[PDB]
Every structure is written in structure tokens, then in C-alpha cells.
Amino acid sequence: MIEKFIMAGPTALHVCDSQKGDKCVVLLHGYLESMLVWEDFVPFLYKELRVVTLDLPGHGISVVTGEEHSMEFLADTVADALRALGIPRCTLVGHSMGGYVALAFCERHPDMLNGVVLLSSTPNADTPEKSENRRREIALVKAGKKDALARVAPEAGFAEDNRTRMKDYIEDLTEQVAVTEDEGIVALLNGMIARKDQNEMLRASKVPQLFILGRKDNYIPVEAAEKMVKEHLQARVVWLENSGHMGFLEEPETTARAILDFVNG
């Protein structure tokens, strides 16, 4: 992976790019993650594909523009970055929050997609209860208590029975929170509160779709996931039997195989 700092239109962007490959996969991290979350996953892909990772505005090393980073803004930023990199078409893989960005990208820039992968993400809007909890997290951050976010989220994304095996990644994610910008967390939380329901968009889209969904995911329980699958006949589904929300760390070879099979059609 070659590290690059580029201008995506008006927005500086931190990217990593394996450069080599006639087909390209772009990986979008989720909430309280950054490009670093993919570090052990990219070697499962970059021998066959060109792999791009990036820090979404508000996370990792990135800009913060205002009080809200809308999913449209984030998607347009990625699109501008890909054109600047000379990548006209990619398979876009979005983890959770990254999947919400990937959905706005599928809506606004489908010409740039050979396919879209929702990796433990759904197309539903925020429930009222979730938005209330996001406002609670915004309030915690503004009060100087961002550290409180680091206590639960890093472990809760894993299947309960993988917490011991994944303890090094849980520590990685804990440390990621400390170097995530306060105002970026606020901007992205407001953006997720504001995001649209994308179910009709997906059904209407000509872009091939893949869902990768864990069977032990605290955030997306099986019955929520099965309801999503049944509404999207056009999408392929891969179930990760021993993963929660973090399948690319919990079952990396299986998750990578799902993506590689999808990219090769």
C-alpha cells in the first residue's frame, strides 16, 4: 500500500493505494474506525486486485467541514478522489457507516461502480432510538468525554465469543478513538442521524449488490438481517456464521473470498 495525500476536488483526502491491478476494490471503514482497520485485510485482496483505502472526513487523518458530514458529501468526496486517482470504476465495500456512504455513492455515482458491497450495513434510516443515542454521544464528546465512547464500541462489534481471540484488535480500536477528532465524531454522527432510507434506491439500481452479514452481530441481529435480505431479491448474500459486525477481522479469508468472487462476477 502506497500512502497518498490528494485533493479530492476541494477536500484533501488521506488514501492508501496498492496501485497494481486491472480491477479495483475500494474499502470504506465505519464509525470510530479509520483506514487502519483494514491493515490485516488488504493482503487477502491486493495480489489479485488494486486495493484503495481512505480516511473518511471526520475520522482518521482527515478534514472536518462544519457540524455535519452528510452521506452525500462523503460519497461525493470519494468519487472526486477516485477520479483524481484515475480509477473510473471500482467495487465499493462499505463497513457499517462506510456502507451508508457506499449507498449514497451508489445513488449519486453508479457509473463509477462495478458493484457495491454492504459489509454489516443496512439501507434503513436511523431509528428514533438510535438517533437519540447518537445525540447522547454528541453530548458526551462536547463535554470532553470522548473517552467514554472507547469503552463499549470497540468490543461490541465482535461476536461475543470472539472477544478473547480478537483482543488485540479491540485494543487497536480503543486506541483509534483517542486519535479521532472530537469535531469529526460529531460531524459523522449528525450525518448518520440525517441519512436517507436507501432501500428503494437499491432495488432500482443497476449496480450489482452483495450483502456480507454476520450471524452473531449485536448491531444487526439475525431477524433484522433476514428482513433486509428478503426485501432485496437482486442482492447476493454471504452469511458469516462466526462473525458479528467485524467479519473482515473475525473471518478474513472467508470475507475476502466473498469479495473476490463478487468482483470476478
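So that there is no doubt, residue numbering starts at 1 and follows the sequence shown.
The mean C-alpha temperature factor is higher for 222-230 when 222-230 and 25-33 are set side by side.
Looking at 38-46 and 52-60 together, the entry lists the larger mean B-factor for 38-46, computed on C-alpha atoms. Per the deposited record, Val179 carries the highest C-alpha B-factor of all listed residues (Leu82, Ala194, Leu113, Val179).
Looking only at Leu149, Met71, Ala125, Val78, the residue with the top Cα B factor in the deposited structure is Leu149. When the CA B factors of the chain's modelled residues are split into thirds, the value for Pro154 lands in the highest one. In the PDB entry, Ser243 places in the middle third of its chain by CA B-factor. Annotation for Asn199: CA B-factor lies in the middle third of the chain's modelled residues. When the modelled residues of the chain are ordered by C-alpha B-factor, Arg89 sits in the middle third. In the PDB entry, a CA B factor belonging to the lowest third of its chain's modelled residues is recorded for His95.
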